[PDB]
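For reference, the structure is listed below as structure tokens.
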Ligand SMILES: CCCCCCCCCCCCCCCCCC(=O)OC[C@H](COP(=O)([O-])OCC(O)COP(=O)([O-])OC[C@@H](COC(=O)CCCCCCCCCCCCCCCCC)OC(=O)CCCCCCCCCCCCCCCCC)OC(=O)CCCCCCCCCCCCCCCCC
Ligand SMILES: CCCCCCCCCCCCCCCCCC(=O)OC[C@H](COP(=O)([O-])OCC[N+](C)(C)C)OC(=O)CCCCCCCCCCCCCCCCC
Ligand SMILES: CCCCCCCCCCCCCCCCC[C@@H](O)O[C@H](CO[C@H](O)CCCCCCCCCCCCCCC)COP(=O)(O)OCC[N+](C)(C)C
Ligand SMILES: CCCCCCCCCCCCCCCCC[C@@H](O)O[C@H](CO[C@H](O)CCCCCCCCCCCCCCC)COP(=O)(O)OCC[N+](C)(C)C
Ligand SMILES: CCCCCCCC/C=C\CCCCCCCC(=O)O[C@H](COC(=O)CCCCCCC/C=C/CCCCCCCC)COP(=O)(O)OCCN
């Protein structure tokens, strides 16, 4: 309830700022003013063409490591259990496997960008 | 031992970050199995009363179960008080 | 699944202890001889595929083929006999314990039974 | 059953129908595949939280883990297809015939 | 009542309709992010704050990679929006109409689908009267992944490591 | 499948304990030490009977013990207790940590006027035993008779008669 | 199909998580722990066919606790009748149902 | 691909299948399916080319959709029962979802096209592993949940699989597509017997796996992936063609070969349940499979096709790598009819 | 003490709900007041609408969302 009211207040304030921005000042638009900016010269192609991503493997590894951090997050509560030895073994197991994944990718050159 | 010393010297000059990382990880793996306070942590986690201590029906043959909380029978946290 | 989940069944047990009370298959069992024949055929096919003399080459290899087939065949026959004996045991137990479902019937002779006659002409 | 379960099951059905009806892009179908697992996660956690199945609260996290493993697999296959053909169009996956 | 969970469920279905009508991966990711946030809200209302925040965070991270990949792999000269194409707009309107019809029928009467029977009443009605104390049941059950569920941790970690190996092998080429 | 039987509104009435959570928390260890017997009896009844309608008298005895305890406090240590729970009430989390002086005065007052010893650490959480006259619930779950188990295997194992009997195989 | 390695070796890999009446952390009970316990103890050792034939009462109570369909039907019927009665002014809610009372602590 | 990586991927595929076959929990079974698919995709993409990439993409899409439907069925079953143990499913809708998902994973019609497409796309070793192991797992799940299977749906999909496999194999000339349609027909037979005797399902699985292994290993030995490529094998090593001919005769169900035992036992078992029309239709439809097996046998061993001139150098050279258990698979796929009553041991 | 208070409060709410049900469902042809939906006679905890069903929206919202919405 309170969080919803806060979110509504913030979004309303931002929208009001946009509305004031687009209606208060004097407007004068023509084709040259609204054309895309490429440092004074017309763009040769289009900005919607494919843009090669030289770190494509690191993004997938980031997805997997995001899973790893999601698994690791409930650790502060897991340390309140009586099975401390088992919990410690499992936490260290997960972190060692994550380290092994990082080392394997590093040695197999998955962290290097495409040329 | 000479090969190990040379490897450690070379790594400490080229990859001090990795040397420190592996040292910290190895100490994190090994030390808990040697510290005598791991069992203390286990006991402290056990001593925490999250839920209600449901009493037991007295059969007249429960000498180790206290009748009142302040009776001598039952677990004591005197070790935890001075810790 | 008929005999899966049978009471007292130990999982992953090829031959339980109760199977020891059944007669073991004879070493001259025709089924064991057929298993040895299968092993010999496998050895001959192995020689043929490897382009060795089919009948003469690899006598040790052919002997190992026959021996392995006979060994596994003996144990397989033991398990098969145990399972069939178990099936008969369960069937007889059910028949005995459900007499109203399996009642004896009065036997009439063919002098009392009337069967229609169909001439062939 | 309350209407919340109806809405979540309808969301799963919509995401399933989206995946089974390709348009041009493999990436769009990968997004449709990711949404199905989001609906599964929401349905599972709504069921588990309502019945107080305490030990089952770890199941949705494993669900998310294998979800993003599948997403990683799909992205890898998509980059291989895009390298092969220049576009992620599913029309180019026609070399093999039934 | 206030029908907060029902409204959120409707918004969830709307976001699903969007990214399933599939205008283009940019707007599909936008709709999936909206759906993830709304599902976080739904499960927060139902009780799982950790689970809601985790699903929202995981999908926010996941759609970041999708944006970079559609900028490189799944882009065209004129990316399609819902009103740009007739097929996309038709699918979007069909999904919206089906959702509106289901909502109206459910609110007016106890709607029994061809698959399941749904009763129009309170999500607050279906809840439990009892309460926990001085701990979170969801947090304890999730943290039980390490004391309990040793097997699950093993298979999950092995799957993640094998996934790293697999994504390395698939994109090897040659 | 039957009419749910509920206590009437007349026998659910009892003299309430009309003090706030801060007042209850201030006099919490002394309360747990002084009224242990009725509270433990009520808790044992609740966990054995698994039915609120079967332990109403125990709850009324709990209320009576609490009222007597607070009347004993009121007759002797009204001012130190008032200062203690006024200190406790200010804190948002109602922390014992911030009121160790007013708590000291209250403990001194109850130890002298009433001879009360505050429990040590780990004593109220101990599992104690209760002497009760109410019989042990024989069927608290209202279970039915369990279905009879299937008969076990009997007799020794004999070889299959005539073998497999699979078509023409004679073994 | 099913190689019961867990039963053979005495391992516990997922049986701890199969049911909601098993050992839970901090002894947190399930919503329908009693009903699941009753159904399981009824159906134990008699097989699926006999369990479905004979423990149907326990299973129906379990499913009713799980989903609350009959209870929701009763609540909806009472609500509809009360709304119809107050539509014609034939029913007056009590002040304690209207919010003019002091509830119990 | 490094040999260590390849063997660890094979180990992971087998680990996923074994997790499926040993787990008593639906979540763990789904985890096993996911692990199997994840480690199976690179095995398909081992020999990198556009055809292999396309086959892997189609396989991944099909298996991901099946896994989504399977998890939905699991969740729906949990909603109405609160049970995670794999037993008879408590909701007919969840059972239908699970049946469709497992049929899609197996390749039962009308979920079959990916089977010929992927089998043609991938190499011979990949096709062998795919067929055998990826039929091994979902059939285990189905055998566990057989008692809640809808007989109408299962038998409909089975008969469709038999008919479609027969017709597709009739049309194809590519050996991998022929093997895929044969797989579709055999899966149809197995799932047709499934709602009555899981023991007969397992027996047919074992015989089919033996025959498929023998045929695929013979193809790898001859290095022939088309009909005309196989037509040149008689001029280099005529023994392999004869062994392939007898294996083809066995796979067609001709007595007294091993392929007749599963059909015979399944027909008997279905007859015990007062089914006559279905056994008769299934028996009559397999003649299409026999026809295209016989057509393949005509081209390879029973006739001599023209050869080329470098076959003389091929004569001069000898096969190096030795197939493991190939003679055993050839013998077990043709000469185990007298050992039929061992299905009790299989029970 | 809180367990006893909770039991008394729940029983009182159930009893007054039963009285109101008797007042309301009086002309219904086939309706038994207070009839259970369970075959067993064992006590079953009220769900949420058996207590706060015939009560005000403020009370219902507080009971069902007050803890979650309190921040
Ligand atoms: C013996 C009767 C067996 C009956 C059936 C039993 C089950 C099968 C037997 C097991 C497998 C045997 C070995 C197969 C490969 C053979 C290769 C070969 O050349 O072999 C020649 C070989 C000698 O030649 P070599 O100098 O070693 O090498 C020359 C090159 O191989 C020269 O090679 P190549 O480069 O000239 O190769 C070209 C040739 C290559 O052709 C072959 O290699 C033909 C054989 C392989 C085809 C598949 C064989 C069967 C596999 C199981 C399938 C089911 C079988 C039952 C089917 C029933 C319904 C039909 O291809 C063609 O000519 C193409 C045109 C024909 C194609 C269309 C016809 C196909 C017929 C398929 C079915 C045949 C069934 C009977 C097979 C009998 C084989 C001996 O002789 C044998 O292998 C004879 C068999 C073993 C005899 C052992 C005798 C021991 C001592 C006496 C024991 C007396 C009884 C004991 C009891 C105590 C008494 C006192
Ligand atoms: C979508 C948002 C809804 C909620 C809005 C909540 C309040 C927003 C507060 C922020 C305001 C930001 C702008 C600040 C002021 C400066 C700009 C300004 O004055 O803009 C006003 C704009 C100014 O027009 P403009 O386009 O020339 O704006 C440029 C202004 N200068 C020159 C200063 C740069 O006024 C209008 O657009 C309308 C002018 C009169 C014509 C009326 C036409 C009819 C429709 C409206 C009247 C009501 C009709 C009722 C009947 C309907 C049915 C027939
Ligand atoms: C070794 C066999 C090799 C062949 C088979 C390979 C199969 C894969 C490898 C499987 C190895 C693990 C099997 C045993 C799992 C143990 C599960 C559980 O029973 O043991 C735990 C004990 O765990 C131990 O601490 C060690 C766990 C194993 C540590 C990691 C070793 C496994 C590495 C696997 C590498 C990845 C390969 C797997 C995929 C192929 C429980 O301890 P506990 O505290 O009482 O539990 C508390 C529960 N309470 C609260 C109810 C009481
Ligand atoms: C105490 C110290 C001593 C211990 C001794 C060891 C005890 C036995 C150990 C067994 C090996 C360890 C486990 C390894 C895996 C077990 C595999 C096997 O042993 O299990 C049996 C399985 O045995 C095999 O099924 C039999 C193999 C038969 C092979 C031939 C099949 C018949 C084909 C018909 C034609 C035959 C042609 C001739 C063939 C050569 C039964 O296990 P079960 O848990 O219950 O299976 C559940 C699935 N079911 C119920 C559907 C069956
Ligand atoms: C095993 C228990 C610890 C558990 C895990 C430890 C935490 C996580 C650490 C692993 C993360 C990934 C590690 C990756 C290791 C290999 C990566 C690699 O390839 O390194 C190479 C190889 O370089 C090396 O030297 C390998 C690192 C060797 C360090 C290991 C030493 C082990 C130390 C053991 C304890 C010693 C205690 C000494 C204490 C000193 C004071 C702290 C250099 O990289 P470049 O490609 O050259 O950089 C890009 C250039 N364009």
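As a convention, Cβ positions derive from the backbone with ideal geometry for all residues, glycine included, and neighbour counts pool all protein chains shown. Where a number appears in this text, it was derived from the coordinates with a stated rule and is not lab data.
Between residue B:4 and residue E:114, what FRET efficiency follows from the Cβ-Cβ distance if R0 is 60 Å, with the result rounded to 0.05?
Working from the Cβ atoms, E equals 0.25.
Which three semi-axes in whole Å describe the equivalent ellipsoid of region C:4-121, each the square root of 5 times a Cα gyration tensor eigenvalue, listed largest first?
48, 27, 11
Give me the number: length gained by fully extending residue E:67 to residue E:84, i.e. 0.36 nm times residue separation minus the C-alpha to C-alpha distance, one decimal in nm.
4.1 nm
Using every pair of alpha-carbon atoms in region A:1-108, split the distances into 10 Å bins beginning at 0 and state the percent of pairs per bin, rounded to integers.
10, 17, 15, 22, 20, 11, 4, 0
As an exercise, take the mean of 1/r over every pair of distinct alpha carbons in region E:27-162, invert it, and state the Kirkwood radius in angstroms.
Roughly 19.4 Å, rounded to one decimal.
Per the Debye formula with a single identical scatterer at each Cα and no solvent contribution, what log10 I(q)/I(0) holds for region D:3-92 at q = 0.22 Å⁻¹?
Once normalised to I(0) and log-transformed, intensities are -1.05.
Given the options E:11, E:114, E:126, state which has the largest fluctuation in a GNM of chain E using a 10 Å cut-off (strictly under) for Cα springs.
The residue that fluctuates most here is E:114.
When F:112, C:29 are ordered from fewest to most other Cβ atoms inside 10 Å of their Cβ, what list results?
The order, fewest Cβ neighbours first, is F:112, C:29.
Once label points are set 7 Å from the Cα along Cα→Cβ at both residue H:272 and residue I:56, what is their separation, rounded to one decimal in nm?
About 7.2 nm separates the two model spin labels.
Cα-Cα pairs above 21 Å in region H:62-167: how many percent?
Everything past 21 Å amounts to 36 percent.
For chain G, what number results from the quotient of the Cα radius of gyration and 2.2 N^0.38 Å?
1.74
Efficiency by 1/(1 + (r/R0)^6): what FRET value for residue A:41 and residue E:76, r their Cβ-Cβ distance, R0 = 22 Å, to the nearest 0.05?
0.35
Hey, what angle do you get for helix H:277-300 against the long axis of chain H, alpha-carbon based, 0 to 90 degrees rounded to 10?
In chain H, helix H:277-300 runs at an angle near 30 degrees to the longest axis.
Taking only the alpha-carbon atoms of chain H, what semi-axes of the equivalent ellipsoid follow from 5 times the gyration tensor eigenvalues under a square root, in whole Å, largest first?
34, 25, 17
To the nearest 0.05, what FRET efficiency results for residue C:93 and residue H:167 with a Förster distance of 56 Å applied to their C-beta separation?
0.70
Connecting C-alpha atoms closer than 10 Å in a GNM of chain A, tell me which of A:49, A:95, A:19 has the biggest fluctuation.
Answer for the Gaussian network model of chain A: A:19.
Label residue A:58 and residue F:117 with points 7 Å out from Cα along Cα→Cβ: what is the distance between them in nm?
6.8
Roughly speaking, what is the centre-to-centre gap between region H:17-48 and region F:1-33 when only Cα atoms are used, to the nearest Å?
56
Using all Cα-Cα distances in the protein assembly as shown, what percent lands in each 20 angstrom bin from 0 up to the longest?
The distribution over the protein assembly as shown is 8, 30, 34, 20, 6, 1, 0, given as percents.
Taking neighbour counts of Cβ atoms within 10 Å as a proxy for exposure, in what order, fewest first, do H:10, H:145 appear?
By the 10 Å Cβ count, ascending: H:10, H:145.
What is the distance in Å between the Cα centroid of region B:40-77 and that of region A:1-59?
65
Which one of A:20, A:96, A:60 has the biggest mean-square fluctuation once chain A is modelled by GNM with Cα springs under 10 Å?
A:20
Need one number: nm distance between label points at residue C:3 and residue F:94, each 7 Å from Cα along Cα→Cβ, rounded to one decimal.
6.7
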